[PDB]
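Participant: Once you've had a glance at the structure underneath, I'll fire off some questions.
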Amino acid sequence: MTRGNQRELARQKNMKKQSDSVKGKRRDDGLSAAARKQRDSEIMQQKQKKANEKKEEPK
């Protein structure tokens, strides 16, 4: 917006609201836990990639 207000000094309080309404957090045709496990084991072992964890929120 023309001559839009832009202040460096910004502050955010504890703002966390319910966003769990997404029930479509699974997408496959009909893989059994066996088939999934095997294919996961194939790509991960063949790649030999370390599935590293993102850092937690610290103090």
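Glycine gets a Cβ as well: all are built from the backbone with ideal geometry, and neighbour counts include every protein chain shown. No value in this document is a laboratory result; all are computed from the given coordinates.
Participant: So, in region 2-59, exactly how many residues are charged (D, E, K, R) and surrounded by 10 or more Cβ atoms within 10 Å (Cβ to Cβ)?
Facilitator: 5
Participant: Also: Do we have any residue at all in region 25-42 that's of a type in the set (A, V, I, L, M), at negative phi and under 21 Å from the mean Cα position of the chain (by Cα)?
Facilitator: Scanning region 25-42, I find no residue that is of a type in the set (A, V, I, L, M), at negative phi and under 21 Å from the mean Cα position of the chain (by Cα), so the answer is no.
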